[PDB]
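**Q** Show me how the following folds:
(chains A and B)
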Amino acid sequence: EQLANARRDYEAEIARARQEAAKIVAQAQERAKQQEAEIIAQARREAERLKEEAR
Amino acid sequence: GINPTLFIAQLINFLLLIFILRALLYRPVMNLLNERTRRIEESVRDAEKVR
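**A** Residues are numbered from 1 along each chain as shown, chains lettered A, B, ... in the order given. Sure, structure below:
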């Protein structure tokens, strides 16, 4: 009985693992977006500093 | 007790009881085979599920 129900249990476990993978991918994407925003802000600050130095 | 008729009757009764016991033993062989098949199927199913 455990194997008979465990076929579907393993299907559901694969689905839950896929959901957890999606959550982890969302967290990684949010962290990467934050890092990209920080890099863009640093580039803008460097641009402003370069403009001030040129002036 | 030394009587050919009594010996023949005893042999006939023994043969009838032997047939009854043959049916009774034929049932237990099927029961044991079913139990063994169920155990083998359970083991195979468990291995497949784990894999």
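
**Q** Are stretch B:43-50 and chain A in contact anywhere?
**A** Yes - if you take CB under 8 Å from any CB of the partner chain as the test, stretch B:43-50 does meet chain A, through B:45-46, B:48-49. C-beta coordinates here come from the backbone N, C-alpha and C atoms, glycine included.

**Q** what about the helices in the chain?
**A** No chain specified, so I'll use chain A. A:2-54 (DSSP state H).

**Q** you looked at the wrong chain, it should be chain B
**A** With DSSP H applied, chain B shows helices at B:4-50, listed in chain order.

**Q** Could you report the neighbour count for residue 29?
**A** You didn't say which chain, so I picked chain A. 10 (other CB atoms under 10 Å in any protein chain shown).

**Q** To clarify, I was referring to chain B.
**A** Other residues near residue B:29 come to 9 when the count uses other CB under 10 Å.

**Q** That one and chain A, how far apart?
**A** With the distance defined as CB to the nearest CB, to the nearest Å, residue B:29 ends up 27 Å from chain A.

**Q** Kindly report the residues of chain B close to chain A.
**A** Contact residues of chain B with respect to chain A, defined by CB under 8 Å from any CB, are listed as B:42, B:45-46, B:48-49.

**Q** Report the buried members of those residues.
**A** Members of the residues of chain B next to chain A that pass the buried threshold by neighbour count (16 or more other CB atoms under 10 Å in any protein chain shown) are listed as residue B:45.

**Q** Adding distance to residue B:26, write the residues of chain B next to chain A out as JSON lines.
**A** Listed next are those as JSON lines, based on distance: CB to CB, whole Å:
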{"residue": "B:42", "distance to residue B:26": "25"}
{"residue": "B:45", "distance to residue B:26": "29"}
{"residue": "B:46", "distance to residue B:26": "31"}
{"residue": "B:48", "distance to residue B:26": "33"}
{"residue": "B:49", "distance to residue B:26": "35"}
